[PDB]
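Right, one structure below, let's go through it.
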Amino acid sequence: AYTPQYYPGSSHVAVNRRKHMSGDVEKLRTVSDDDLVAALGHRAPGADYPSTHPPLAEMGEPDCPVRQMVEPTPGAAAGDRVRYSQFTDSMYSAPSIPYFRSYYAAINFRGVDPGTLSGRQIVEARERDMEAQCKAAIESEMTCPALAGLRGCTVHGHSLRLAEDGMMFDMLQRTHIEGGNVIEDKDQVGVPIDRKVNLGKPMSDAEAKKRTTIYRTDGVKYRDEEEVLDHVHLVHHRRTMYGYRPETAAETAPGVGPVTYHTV
Amino acid sequence: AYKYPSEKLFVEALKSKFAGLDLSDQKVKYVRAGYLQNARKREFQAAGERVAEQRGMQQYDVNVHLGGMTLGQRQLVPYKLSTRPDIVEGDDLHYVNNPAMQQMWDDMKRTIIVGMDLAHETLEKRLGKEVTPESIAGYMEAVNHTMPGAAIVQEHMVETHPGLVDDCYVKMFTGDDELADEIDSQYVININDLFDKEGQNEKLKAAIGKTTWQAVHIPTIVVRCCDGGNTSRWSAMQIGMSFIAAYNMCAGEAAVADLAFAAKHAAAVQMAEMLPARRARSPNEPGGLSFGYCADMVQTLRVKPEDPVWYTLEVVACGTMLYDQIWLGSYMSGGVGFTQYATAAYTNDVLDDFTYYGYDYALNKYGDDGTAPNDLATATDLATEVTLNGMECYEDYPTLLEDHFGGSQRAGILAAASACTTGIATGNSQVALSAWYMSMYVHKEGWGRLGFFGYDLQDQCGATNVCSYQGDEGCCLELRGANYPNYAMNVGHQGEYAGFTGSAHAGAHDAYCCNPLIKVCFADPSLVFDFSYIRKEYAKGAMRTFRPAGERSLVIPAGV
Amino acid sequence: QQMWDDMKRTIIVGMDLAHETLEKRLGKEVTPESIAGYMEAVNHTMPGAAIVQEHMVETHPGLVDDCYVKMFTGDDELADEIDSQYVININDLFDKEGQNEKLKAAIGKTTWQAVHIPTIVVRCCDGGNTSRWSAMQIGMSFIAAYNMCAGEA
Amino acid sequence: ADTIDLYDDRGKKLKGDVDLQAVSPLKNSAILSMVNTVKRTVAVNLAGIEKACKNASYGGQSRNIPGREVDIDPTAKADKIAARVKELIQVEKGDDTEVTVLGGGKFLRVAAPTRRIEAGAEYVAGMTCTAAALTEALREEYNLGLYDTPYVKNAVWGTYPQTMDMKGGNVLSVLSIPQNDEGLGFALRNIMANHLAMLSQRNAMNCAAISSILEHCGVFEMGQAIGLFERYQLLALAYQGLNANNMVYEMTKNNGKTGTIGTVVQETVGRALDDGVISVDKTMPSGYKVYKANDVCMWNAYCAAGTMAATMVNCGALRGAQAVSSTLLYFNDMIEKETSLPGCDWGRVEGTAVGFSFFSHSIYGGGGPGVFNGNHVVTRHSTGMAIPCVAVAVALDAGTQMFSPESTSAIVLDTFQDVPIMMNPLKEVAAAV
Amino acid sequence: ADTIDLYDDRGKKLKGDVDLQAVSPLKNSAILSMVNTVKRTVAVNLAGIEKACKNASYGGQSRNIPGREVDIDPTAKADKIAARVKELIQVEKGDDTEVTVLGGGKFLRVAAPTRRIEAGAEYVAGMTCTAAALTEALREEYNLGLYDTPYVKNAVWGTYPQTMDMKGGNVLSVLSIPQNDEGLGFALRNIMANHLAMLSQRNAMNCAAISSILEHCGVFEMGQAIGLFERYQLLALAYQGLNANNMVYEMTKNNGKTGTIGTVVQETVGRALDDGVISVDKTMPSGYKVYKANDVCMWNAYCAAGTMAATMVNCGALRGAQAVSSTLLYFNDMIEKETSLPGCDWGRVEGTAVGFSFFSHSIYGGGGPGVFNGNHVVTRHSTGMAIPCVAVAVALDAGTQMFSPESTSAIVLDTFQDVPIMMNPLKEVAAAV
Ligand code: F43
Ligand code: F43
Ligand SMILES: C[C@@H](OP(=O)(O)O)[C@H](NC(=O)CCCCCCS)C(=O)O
Ligand SMILES: C[C@@H](OP(=O)(O)O)[C@H](NC(=O)CCCCCCS)C(=O)O
Ligand SMILES: O=S(=O)(O)CCS
Ligand SMILES: [Cl-]
Ligand SMILES: [Cl-]
Ligand SMILES: [Cl-]
Ligand SMILES: [Cl-]
Ligand SMILES: [Cl-]
Ligand SMILES: [K+]
Ligand code: NA
């Protein structure tokens, strides 16, 4: 079968990007089921999953050939509500960047609705499926609990100076450091919870730069990653050419000029 | 030629916001002061207390913000108007709070340009009247009495209060210097005096020819009570009354209807046409405003064409405010709206730094204004260099990144600097448009983010639709506008497109971009807003020093 | 001028469908207490003030003092449970010839918001602004009042 | 059932005892062909494209985009471009696509294939496919590239898609865009009276026919010719537009030397009485006779024919279009005073004429008669019994208008001058029976 | 020339080596019939008319006009009313007029005669003639008079003509009014995704076909399938909407148990490479391979099929419509990253999806997927390669939506569930070749 290559580039940042896309992300910490459910804020830990419609087996389905060959996720079969996890990630070398969180979701999980924005990245899915996807992300090297956190609202912070203790600014201060560990004591929409969810130690600055997918001047400078720039240019050029005419001849139409690439 | 200096242009504003700050520091102490840190928020809270007490119903209250926190858990930072000394609180740039911004749009909306040649031909053909400088002069006196809402034919007419309509007037303009010199100068836009640099006056007169036009500006209060669709109709009614009186016509004969059709339709040049049903709007509203017309309304180009960047960035300031803050942020949505989506393009000298850097790069690599190759390779080079340099600025100066805290702001500013550099360098708006989309693609891969959820709808459609020639895709940038299908929804683009449309013609050393009638009309100093220096006007509005038209103080009570 | 501006700046918006959305999609319970919190939120946000994000700029409350939202309903038990400052009292206003009963029978046990956006907004813009402005701040207020994701399906 | 005799534009009998249903828009093959022709035919202004490109005047209204001139000469390559357009738009060789060079190369007439209309929902495929074919033909012939082709596209399509229409463009239809319809079924009502005069080549009898046919096709599409209203509308079409029983032509001839609006009123009443359409009902004490209609729909049809003949007599004497508005008003006002029966369209011709008079003699809008049409807010109110008279008056004008057929619709004349349905509509309608 | 194998909704081969042109909107008789059916067919809500009259709720939106109730019961007389409507609208005995009582009398399906469409310029003659025939039938049946018939007329026509549409009325089309077109040629693009899901009876393969066919018919009417662009559009129609070569069906089957958006990306690239559509162009120092398209329009068609299969796999797994917006975005973003070739519609599917995601997850407009259509400002931007995926996602949803097919489009299901072109579109398209 076809072997994916995912993304160009040769720096360790490009290597990290391919790790996130391929799902080959190291597990770094453990978050209990009850702690994660409390943080997400959609139901009480241990409570039954609420439903938005009856289980498929109980209500039946239309005679659709696609339904009959596409297996529903566990949460879809059960009729769970569609709920969400949402993360914000610092531009000061957080492990994750928004688009690559969405690629991780889209490549590696079934029945997911990821969304990418500058200051927030969301995964919507049937509740129990969403929980499993969030657990994978939050336990992995995609997360530093100082540089990233669950924020379902009031997300400001990705682009701000870090606090003196290295925590990304949160207007609602849903997390804080206690004894070297990041503690979350509000749910993702700012409601106090009756527990202290221990997300463990923040990454060192050096570890963050080894694990990050972002290019910036204090790490891997974007200007030096000529393979990614070539890729961007190739895609823009071919889009421009084929919007004019969808044929090979458009690639040398008048107006293209002496286009040139670094590595190809 | 221009030489980019050793200190970034945005450093002054950073130092003025953060006295004593080490601009390399990536960390800061958060004090979580809340709203009490800020004089404007405190003034708003007190205003909300009075509102609630006077009407018996809760209104503004900072404590209603969710999460038990008020605005200002971080520092609330003010904004320097770019190229100005004025630093203002952010709320002072909200369109609702800023009369300069309101009056800029009202001045556009209340304007219509109406040809006189067809009307004169009608008088000659149907009535056998001779049109002379003397008859035109009598007409210009008549139309400046009637246009604000006063009577010239009937008995027992009631009229508008002249003080409520003091901003309404009509001037004529023409490429015929002999006619222009015969009419009293109070009634004429003097093309030669206003367009005295780089032979711009001769370019405009050659383009307009020996044709005669009226620049009509109906009262601000009228468009405020009503809409932009009032403008061409109001204009035509009083043009018609004035022709009736000035040419001794029957006050309502068949020939009058030819004058009406001419003034309403055949010789009328709207600022904007109507919009489709989902966003139904009358003519002369922002969604119908083309980028070429927007660029031509701004007048910095007649003051200092030797600095193409300045005019370019005044167009950006004009367009980003109008299109993002008033049009998208109000007409098409509302609420708190979209102030900072637009301020990023006209404050803190940020876009200026990134654009002058690019201008210097292009001058050194490709040569003089407007001489760079008009091709995709050149757009690629300029966009990539300008975008990489800007991203490096945001990375090296933490408080710069914190200013443009939303990715959408960063995307529009990096892409505007890229496309304005390309426009000035190549003199070609369409090539600049390729550079705009290239900036976005470069940006996305560097940081793994771009703008808001729906920022790059036009972005991802963008490269392939620059050079399409299909019916609803192909269009030169000058004729695109806020109703071009891909552009019809989203912040952070429309005013920047007007800006680099201006940049291409500034780089070519043209006198205008799209319509010489628009260019002359908006050069007139008798307008309320000063179209020659947009950001200076915005500062006045933010400082409560801009006097708008349309207020009703003459006809309302006051008292304790 | 103000008569016309009062008409142009008004939109009536049902609440039942919104409440059904919260129940069906999020499993939220809608109660007089949650509605009261929503009414406070919408009267702060409607004139042009912020409830979710940080570093928002806002309209001057004095320039938008005419903007507000009240609810009305043919359900007298719900109307009685909400602070009177937020409610159009059909029984007090329509006290002649049984008009109140005719209105309540026609409306039924459905709930509505009477939204009046700022006069200054329709003066700078047009009547098309009204339903859109209303909806933006209704949306922000539901997000806050029901602890939604601030931007979910 | 009703029968009519069909007479031509010169008062000659063509066919006797024709079933009224045989001239219906739903049945008569000539009418159906007229509708298909107006839907699928477009005019191309090659000279306008050439000027726009050479002068960078894309979009019109004094627009000029400095530096963006494209130096191409399509009027000199009109035959080559026409052949490429035909190849690009034709669905099958031998289909009904036509592309013809007119004006020595200044214009094209493009009859787009009917199948492209059939495959769509509206009538615009002729406009869109012609504009697209022209843009491609110009790109190929002039070796245009990535960054200049967009400007040439605007020379063809105008400011579309920033505007809903091809404003300032160089592709023209006698129809407008669908979004300009005032209501449901109005597209065939939106035909400028100046265009109708040119379709007819200023033959006023043929004008009445072309305009009446298209107006009633619109009324049928509006759903306003169902049941009893079908006979009502068809009789109006036949007697006002199709010179049924030679009434329009003969009444005009009888009144053409010394007649007036009032003498045409008198002849119409006399004909209705002699033909049994109306009778004396009661007599008042003064001697004034109240009439009754024995056939209500036929009385309307007689009033419709009288309204047309009165237009021909009064505007023909003036050799001026403007008198049509007062003619429609006073013919109907006075015939009601003469009979105590309601006039044409039960007051709606008179009402249309009241507002049309106002809006063709005041400051507020409208213009001269040539700017009106069945979709115009002023002149829409009668179901087809006013606009044909307007078009006729425009055709009879000898040169009193500023917005004249020659000044607004010149390309329409060249495009339809050799199109048989427009050259002899009454003969073609009769031959289709 | 290009050929395709046609396969049905269950993955079975129908016809081999079919010329691509034989599935063109301009040529395939089944497609042409589908367009004719959607233009001329209307649903009548007799129960809604009855309720409006009995409750004086003319115009909807909580309107009540006290005292103006008209007590009529058309649902109880539906067969008589249906027969009268048929007699009033049929042009000739034995023509293609159909009037059928549905729901025990609650509804009628009215297929107006094609000749009424042919005689007009647009598609509205079905809506207008049906509304008129119904109004007359009710007036006759219930002995209505001068002052109450106007109210019953508003029960049928809604607030027309104060509004341009029949707002609050009881005559329904799957199309909208022409004045709602965003631009030229958009009428067949203005079909709500919830309606498309009901036309298909929630058969997602048939939904893809119906929606893709109608979208590309619109693109043809827009003039955007001329010359080389005809092959570009036809290949997308065939591969994305007509299950050409069984690719959509097989990719969905192959990824249906455990697959994701990303695995569908991988299979699409592998198929393009194995089939010779793309080849390795150059290799970067890291070993990343840049590909080249050997057949540009074919590469697009493969990306369109992959976008569809990815929707079926991801929304099918969720049994929820909302994931269609992210599926279209991330399938195309990641296939570009995987290949350095441009994605479906050269970024316009991705771009549509960016704004569609935003406007289906924000305060500012839009809604759930079911409210979108090819004429919606958010979702118009691709030439037919996005909306069919939206409609499929709507069909696959198991009950997560507030504005669902059953809540907005129930009458469409009843009107079209027995209509052969909507029951088996892939079989009817193949049989027409
Ligand atoms: C509720 C939404 C979803 C939606 O449809 N609109 C919202 C909210 C809306 C509200 C917020 C007002 C308030 O706080 O009560 C207003 C002002 C529009 C209005 N209704 O008046 C707005 N956004 Ni938003 N919105 C903005 C932005 C943004 C940035 C902010 C990211 C950050 O790091 O702070 C992100 C998108 C992104 O990540 O790219 C964003 C999201 C969001 N935006 C999320 C809420 C995010 C949160 O929970 O904190 N906006 C910006 O990026 C800058 C401009 C800013 C707008 C106000 C202005 O222009 O002054 C405001 C524009
Ligand atoms: C020039 C027209 C043709 C036209 O299109 N509109 C006019 C004029 C227009 C102007 C007159 C302004 C001025 O005096 O400079 C305005 C005010 C509209 C405007 N442009 O603002 C107007 N008429 Ni007029 N017009 C009026 C009227 C009228 C009455 C006046 C008859 C009389 O005996 O005085 C007649 C029509 C008639 O005979 O029925 C009339 C005609 C006319 N009306 C004749 C000019 C009559 C004249 O030569 O004196 N108006 C009225 O009948 C009452 C309302 C009055 C309107 C102003 C108001 O409502 O306060 C004004 C409405
Ligand atoms: C007729 C039409 O004008 P046009 O013929 O399109 O110029 C229309 N005016 C009006 O209806 C003017 C009504 C107000 C003035 C007369 C009041 S009696 C309008 O501007 O849209
Ligand atoms: C999409 C459409 O909304 P609807 O889907 O029709 O409700 C459209 N709104 C917009 O485009 C909102 C634009 C401004 C707010 C978002 C700026 S990014 C409008 O109201 O006509
Ligand atoms: O969060 S969203 O991108 O939907 C809106 C930003 S204002
Ligand atoms: Cl190819
Ligand atoms: Cl701190
Ligand atoms: Cl009948
Ligand atoms: Cl009778
Ligand atoms: Cl081609
Ligand atoms: K206004
Ligand atoms: Na005063």
Side-chain angles (χ1 to χ4, degrees), chain A residues 84 86 88 98 115-122 124 151-156 158 244-247 249-250 253, chain B residues 161 163-164 324-325 328-329 332-342 405-408 411-412 449-457 468-470 489-492 551-559, chain C residues 50 52-56 136 139-140 143 148-153, chain D residues 84-85 87-89 129 132-141 144 149, chain E residues 223-233 296-297 325-326 354-366 378:
Chain A
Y84 75 93
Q86 180 161 272
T88 297
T116 306
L117 306 83
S118 73
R120 41 176 290 218
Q121 189 277 344
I122 186 166
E124 297 201 46
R151 304 185 186 202
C153 65
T154 316
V155 304
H156 197 65
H158 79 282
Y244 171 76
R245 294 179 66 77
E247 67 187 351
Chain B
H161 189 315
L164 289 175
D324 285 2
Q325 302 184 233
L328 293 178
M332 298 297 302
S333 66
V336 165
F338 299 147
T339 302
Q340 291 164 122
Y341 276 133
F405 61 85
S408 305
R449 45 170 61 82
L450 188 60
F452 76 93
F453 217 148
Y455 183 85
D456 52 328
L457 172 139
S468 178
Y469 54 89
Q470 300 303 302
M489 295 149 283
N490 308 120
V491 297
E551 295 299 272
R552 290 167 296 174
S553 87
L554 307 162
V555 290
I556 65 182
Chain C
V52 169
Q53 296 193 217
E54 175 64 290
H55 215 281
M56 287 308 88
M136 297 313 96
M140 282 325 295
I143 286 165
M148 326 174 66
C149 179
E152 54 172 301
Chain D
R84 186 52 171 137
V85 169
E87 193 169 56
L88 284 166
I89 74 169
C129 293
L134 281 161
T135 300
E136 170 44 41
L138 295 170
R139 186 207 63 77
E140 260 163 354
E141 183 62 36
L144 306 179
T149 307
Chain E
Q224 290 184 211
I226 296 294
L228 171 59
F229 296 85
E230 191 182 70
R231 182 181 187 255
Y232 176 73
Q233 293 297 145
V296 172
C297 291
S325 64
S326 51
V354 168
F356 172 37
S357 293
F358 167 55
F359 276 114
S360 60
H361 299 76
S362 79
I363 69 179
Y364 297 101
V378 179

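For ligands, and for the atoms within them, numbers begin at 1 and follow the listed sequence. In what follows, chains carry the letters A, B, and so on, assigned in the order in which the sequence lines appear, proteins first and then strands, with residues in each chain numbered from 1. Atoms considered below: every heavy atom in the structure, side chains included; atoms not considered: hydrogens, waters and symmetry mates.
Across the listed options B/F338, B/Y455, E/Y364, E/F359, E/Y364 owns the non-hydrogen atom lying nearest to atom 5 (C) of ligand 5.
Heavy atoms of B/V491 found under 4.0 angstrom from ligand 5: none, in either backbone or side chain. With a 4.0 Å cut-off on non-hydrogen atoms, A/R120 touches ligand 5 through its side chain and not its backbone.
Considering backbone and side-chain atoms alike, B/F452 places every N or O at 3.5 Å or more from each N or O of ligand 5.
Here the CZ-SG distance, from A/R120 to A/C153, works out to 10.0 Å after rounding to the nearest 0.5 Å.
Short contacts between ligand 5 and A/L117, defined as distances under 4.0 Å to a heavy atom of the residue, involve ligand atoms 1 (O), 2 (S), 3 (O). The ligand atoms of ligand 5 that sit less than 4.0 angstrom from a heavy atom of E/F358 are 4 (O), 5 (C). The distance from ligand 5 to the heavy atoms of E/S362 drops below 4.0 Å at these ligand atoms: 4 (O).
Not one N or O on the side chain of B/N490 forms a donor-acceptor pair closer than 3.5 Å with the backbone of B/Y455. Of the possible polar contacts, none joining the D/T149 side chain to the D/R139 backbone as a donor-acceptor pair under 3.5 Å is found.
The existence of a salt bridge linking D/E136 and A/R245 is confirmed by a sub-4.0 Å separation between a basic side-chain nitrogen and an acidic carboxylate oxygen. A salt bridge is defined here as a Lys NZ or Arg NE, NH1 or NH2 lying under 4.0 Å from an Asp or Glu carboxylate O, and D/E141 with D/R84 fails to meet this definition.
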With side-chain contact (heavy atoms from CB on, under 4.5 Å) as the test, would you mind laying out the steps for E/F358 and E/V378 before giving the verdict?
CA-CA 9 Å; E/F358 167 55; E/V378 179; over 6 Å; no
